[PDB]
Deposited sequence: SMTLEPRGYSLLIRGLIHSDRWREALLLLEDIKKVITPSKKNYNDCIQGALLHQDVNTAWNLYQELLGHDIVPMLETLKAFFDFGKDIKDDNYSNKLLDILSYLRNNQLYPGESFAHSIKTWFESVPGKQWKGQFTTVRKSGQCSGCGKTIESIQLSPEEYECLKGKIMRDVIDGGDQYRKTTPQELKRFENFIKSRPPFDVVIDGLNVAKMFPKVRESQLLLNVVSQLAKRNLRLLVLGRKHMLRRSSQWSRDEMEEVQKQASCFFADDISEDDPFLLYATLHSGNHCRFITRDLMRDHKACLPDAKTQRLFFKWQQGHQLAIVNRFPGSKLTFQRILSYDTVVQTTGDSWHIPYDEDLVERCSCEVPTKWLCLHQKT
């Protein structure tokens, strides 16, 4: 089932004119048959902002979020662009809410969006915000203002908060889950938990390469596999590491094993996926996932600080993506917008 024919382009062609309200009527027609696209919402929001109807713009944005649509970054950028000319506490709080959206969903502005945010803070009368484009030192100190970036390390309470929350949503076969439970609880904490299956994707001898090289680093390795790997050098893997072979049916064993082992334990697998718990999960993932980067194997660096939109009230630090640099799934941005009040 599709939008009425040509409606997205009709909407896009109306929003700069005095007839822009007609686009919102077309959007209503779309809603009645399908969930509108993020581009549909982008267009109607920009139409509203172009004509200073901030309530309509924000209401459309909230509707979009209600459908669990991920807004285009261009839509978020539009709110800051129009905000430089808007002097109102209520509008400001909405913008700060968009920054919380980026923080909570582990998202980053593109370069021009970062410039729009900078421009908006610097436009707020009386507040004396100054923005600078920076990097972060190895130490975790912003190269602009010298403040220490939020630690990537979860506190014990945070960790047990996350762990407890994860343990209770988990609760495939229960008979097989009990077996794995008894396996883990009768063993010491591991240092790296390896999804042998999902790393055998880039069968046997590269699993061996990951294992045999990690074992030279004096690490306690757990390898998670399925039964079908037992049907040569798998036996070479079984001897170099502790192994659990599940049924060939996706397993929740990697999360359990890693979290049970403790806050020090890291893991290897495919890239992974309330607000506070979600924040902790992103932070934990960033600091604990070991990403393989491609013939002698090397891992992606894990920093001591959390690369995420963040604030201290009197400052913001906002990682952003550069136009000239394409970033992979598992790597964090290296460039930051540093905002501080004088």
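Enquirer: If I number the deposited sequence starting at 1, which residue ranges have no C-alpha coordinates at all?
Expert: Residues lacking C-alpha coordinates: 1-2, 174-181, 213-217, 247-253, 272-273, 298-305, 327-330, 379.
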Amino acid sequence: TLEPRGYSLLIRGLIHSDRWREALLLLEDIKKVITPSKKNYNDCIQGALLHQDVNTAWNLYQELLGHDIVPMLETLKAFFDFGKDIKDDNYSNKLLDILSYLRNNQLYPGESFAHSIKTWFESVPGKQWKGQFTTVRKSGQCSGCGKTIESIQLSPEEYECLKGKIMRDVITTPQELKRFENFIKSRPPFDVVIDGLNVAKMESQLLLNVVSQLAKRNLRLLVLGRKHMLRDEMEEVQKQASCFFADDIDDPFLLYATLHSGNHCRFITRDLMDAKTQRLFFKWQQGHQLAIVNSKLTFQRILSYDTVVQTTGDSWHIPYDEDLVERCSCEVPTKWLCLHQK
From here on, numbers count along this sequence of modelled residues.
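Enquirer: So, looking at the entry's B-factor column for Cα atoms, which has the higher mean, 53-61 or 27-35?
Expert: Higher mean C-alpha B-factor in the PDB entry: 27-35.
Enquirer: Which wins on mean Cα temperature factor, 44-52 or 278-286?
Expert: Comparing 44-52 with 278-286, the higher average CA B-factor belongs to 278-286.
Enquirer: Which one of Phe245, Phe82, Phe121, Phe267 shows the biggest C-alpha B-factor in the PDB entry?
Expert: Answer for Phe245, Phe82, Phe121, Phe267: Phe245, with the highest C-alpha B-factor.
Enquirer: Looking at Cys161, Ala241, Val136, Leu107, which has the biggest Cα B factor in the entry?
Expert: Checking the PDB record, the top C-alpha B-factor among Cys161, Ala241, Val136, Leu107 is at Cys161.
Enquirer: Classify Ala200 as lowest, middle or highest third according to the C-alpha B-factor given in the PDB entry, relative to its own chain.
Expert: CA B-factor rank for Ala200: highest third.
Enquirer: By the record's CA B-factor, is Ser92 among the lowest, middle or highest third of residues in the chain?
Expert: According to the entry, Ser92 has a C-alpha B-factor in the chain's lowest third.
Enquirer: Going by what the PDB entry lists, where does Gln175 fall on CA B-factor within its chain: lowest, middle or highest third?
Expert: For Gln175, whose C-alpha B-factor we compare with every modelled residue in the chain, the answer is the highest third.
Enquirer: Among the chain's modelled residues, which third holds the C-alpha B-factor of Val332?
Expert: Ranked within chain, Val332 CA B lands in the middle tercile.
Enquirer: In terms of the chain's CA B-factor thirds, is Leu297 lowest, middle or highest?
Expert: Top third by C-alpha B-factor.
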